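Just the one chain here, laid out as structure tokens, in the form deposited in one PDB entry.
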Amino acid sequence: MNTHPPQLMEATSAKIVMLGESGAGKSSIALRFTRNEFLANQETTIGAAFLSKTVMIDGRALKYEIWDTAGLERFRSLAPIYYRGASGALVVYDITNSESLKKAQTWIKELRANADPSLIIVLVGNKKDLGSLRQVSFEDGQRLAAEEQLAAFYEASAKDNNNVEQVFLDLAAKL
């Protein structure tokens, strides 16, 4: 009766948790990858927006767990538990709102010191339309990403699809 069944099979899941700052299109960008639709009057969630869907890459069926946490709440129970096995992390920051970048650097400091060093973090900017009135240089923002070995840093806009397909395809391509 002593046989041995192989455990290595298909049906995988990638858990990516995305934080940022409230009002910085945090929940807005998440909606653009979940159902790929935009809600103009979409408020930043105070609880948790969690949708998990299966995609088929090269015949491989894997479901992505994307956790849209509260826009800016550090006192919630989500603070410690959000990275309970996060394969990757994402954080949204607006290029004219310096606060979002200041909040972003806050999250990235704690999460890397609490979770995993090789955890890939996606630095994504908000509203590429701010090309002229951008207070902080995106070029400078991506520098701190590359400096800390962040493989993913891109610009996103809710009405521009955010290139959310590309940023995830990039990640899925390497992993």
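Heads up: residue numbers just count along the shown sequence, starting at 1.
What follows is about the form solved in complex with a small molecule, which we do not show.
Trainee: Based on heavy atom distances of at most 4.5 Å to the small molecule in the bound PDB entry, which listed stretch, 57 to 65, 23 to 31, 116 to 124, 144 to 152, is the contact stretch?
Mentor: Every other range fails; the passing one is 23 to 31.
Trainee: In the bound PDB entry, does every one of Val17, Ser87 and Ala104 come within 4.5 Å of the small molecule, counting any heavy atom?
Mentor: Not one of the three qualifies.
Trainee: May I ask you to choose, among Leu111, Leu130, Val136, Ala49, the residue with a heavy atom within 4.5 Å of the small molecule in the bound PDB entry?
Mentor: None of the other options qualify; the answer is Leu130.
Trainee: Heavy atoms within 4.5 Å of the small molecule in the bound PDB entry: does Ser157 have any?
Mentor: Contact check for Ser157: yes, within 4.5 Å of the small molecule in the bound PDB entry.
Trainee: With the cut-off set at 4.5 Å between non-hydrogen atoms, does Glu43 touch the small molecule in the bound PDB entry?
Mentor: Output for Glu43 is yes: heavy atoms within 4.5 Å of the small molecule.
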